[PDB]
Every structure is written in structure tokens, then in C-alpha cells.
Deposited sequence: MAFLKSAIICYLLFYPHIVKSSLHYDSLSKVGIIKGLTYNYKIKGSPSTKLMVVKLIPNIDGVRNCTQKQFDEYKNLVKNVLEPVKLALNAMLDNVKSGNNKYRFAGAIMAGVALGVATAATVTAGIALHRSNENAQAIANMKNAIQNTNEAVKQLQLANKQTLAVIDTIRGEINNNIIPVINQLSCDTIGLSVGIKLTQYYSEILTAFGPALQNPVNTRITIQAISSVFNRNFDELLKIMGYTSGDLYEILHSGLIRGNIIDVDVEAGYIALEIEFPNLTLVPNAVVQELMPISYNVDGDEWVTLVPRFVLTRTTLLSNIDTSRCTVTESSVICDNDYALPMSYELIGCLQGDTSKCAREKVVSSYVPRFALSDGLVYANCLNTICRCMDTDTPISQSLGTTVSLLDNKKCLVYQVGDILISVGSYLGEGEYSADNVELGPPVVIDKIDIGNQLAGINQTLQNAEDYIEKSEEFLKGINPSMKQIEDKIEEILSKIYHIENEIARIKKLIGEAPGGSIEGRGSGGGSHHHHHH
């Protein structure tokens, strides 16, 4: 439970409040990415280039089929994993293996549609499966032929058509190696985001989502957070395609979990300028404080959205600091020319008026701050419009038992923190 009045006196001002969300239950859609295109219309001119290409595709997929079959043979049917056959695995790996087995029904439904997939002549098509599920099938290369070669085909000789298609087949191959590289090497454990899958399809993830029945504008939270992901459930070596299953997860709101932002400003210590060291975000669960590493999460207007729960333990001293004992708040000296010197909270302005400019516009007078005063509070008790630095701002009233003051503030120890500095410091401590 954060204590805001004692924190503001060491320059820590209450910022925005966000709620906390984590990935919830799954929902899936099926997709096929074709590696071997339908080249009807250019077959006689491109015969040489196309046969070379097909052989390369086969060599890429054969090792993938072996990896997928190796895992399927370790699961029998809930489903039981053969621990001895698998030998070594993480809990996540074992779970992925079981999931692959469960998805085999969809893989078979897709395989039985092989002819419909092969005979598709449009870059994007939707097929129906025997189990009433839909399948999104894409062949980027066919699109490029339909748009760039066919409309002008009567102007091109076969040598030109052959060379032109060969370059297209080749650049597509490079896009596959880049987007699915890791997934082809480890098809059981690797997941691919929708924005990465779309890099094979000219980067058009909006089209892929539309086929699967979604509007991009309605998926902002899971799309932007990178939570729409797929995995390889099957491959067909001779047909030349990869079967993916794509997840569109729900989000779970975590009860009694609040993420609070803190806004540090500089403060005065007998003529010197200092800043207090606290984490930007603090996670509170009912009553307890913990650390939240938001560099691994997406922060939105109202929510912090994480894939999993990333709460980390907070040190004893930091909890003591945040709960109101300022003698435990480590501070660092400011040496650079800029640092935030004011902030707005609940309509009031907190500022270091010894390092920035504070004036009352109603009276055209300067605002003083004694050297023993750490921060100054600007409210509407005496003046409505203040000049703070290069801006003018109107403020509200102060709520409290009496006039705000920061005349006798207990400060924590000074620190210098860096990788090299800690090395030198800790060595000095143990050497002495």
C-alpha cells in the first residue's frame, strides 16, 4: 500500500493507474500456406525453373515431417506422453507435444482437402472442411502471376516469362526461410505471430484476419500485444504446403490487481539537485507490493497486457520506501542539464523551484523555496495561474490537515548505479 504524501516530498509523484490483464482461454482457426504455387498459364515457359523449385521445397519440408512424426509417436490415447522415449523435456515442451496430438484431427481434415488446395487459382481462398470448420488457404505467388504477368503475357517471350517467374519463386523462398526459419527447425515448440506470417503475404495481415472472420480494428489488444500466434500442425512434402493453427486468445482481468505508475522529479538538498530511485511501475495485489517488468508487456491507455503473469518479488528496503519510510529511498545526484523538474497530480503541481522557474501570475511575484525545503506545492489557496518553466497552468486545491511543507525530510543514502560502478564498489566493500 503506497504512501503518497511522504513520497511526494522526495520527488515521487503519483502517475496513471492501469488495470492488469493476462492471456486467457484459446480459440483457433486453421490456415494453409502453399509453398508450391498454381502456375497454370505459364507452365510451358517456366518448366525448367519450376522443377528446380519444387525439388528445393521438398528438401526443406522433409526434416519437418520427421520432427512432427517423432513427437506424434511419443503420444498415445487424456493422452499419455512417453517420458522414456522423449527423454529430456521442459513442462512446456511436454505440453506442446500433447497439444500436437490433439490437433492431429484437424491435420487429417486438411489432408483430405489436398485436391481443393492444389486446384486453387486465387491468392486468397476459403475452403470448407468435412468437420464444418473453415480453412484459409494462401498462395502469394499466384497473386503475383495474376497481377504482373498474365495481363501483359502477349508482350513477353517464353525466355522472359521463365526468368521473370524464376525470380519471383526465388524471392518467395527467401521470405519463407526468414519468417518460418525457427519454426521449420523446431516445429513443435516454435510459435509465429500473425504479423510475421503475413510477411510471406506482402505484409497484409488485415486480409488474413478478414478471411478468418475478424476485423483488425476490434483486435487491437491481442493483435498489438503479439498474442495472435500460430504453430505448425502438419506439412505435406509432395503437395508443398504447411498447415498452421492460429490462436485468438481471450484476455483475463486479474482481480484486485492494479498497476500504478510513478513519476519522478528532481528535488533540492541544500543547493544540490537529486532524484529518488524507484521503479516506474508498481504492481499491487489487494494489499501487497511487487515488481512488474513492463518491458515484456504491452501498455495501453487503460491496461497492462502481459502474455503470462510476470510479477517479481520486491526488496524489503524498497517496500519500506514505498510504504512511507523515506529514509530507505536511495537517491542519485543529477549531473546532466535536463531532468523533469515538475509534475501534475490530482490538479496540483509539484515542483523544484530552486532549479526551475516558479512564478504567480495573479500577482507577478516569484515563488521562493528555502534551501532546506525539498519540493514546493503549487495550489489555488493563494494564486490560480502559475508559471512553471516555460508554461502557464491553472491548479486546484490541496486536500490535507494543514499547509503542505517539506522542511524536515529524512533522506536515504546516495548511490551511483551502473554495471561497472557496482563491480568497483562491491570489490571495495569486500576488499576492505
query: Unmodelled intervals of the deposited chain, in order; finding: 1-21, 99-106, 462-534
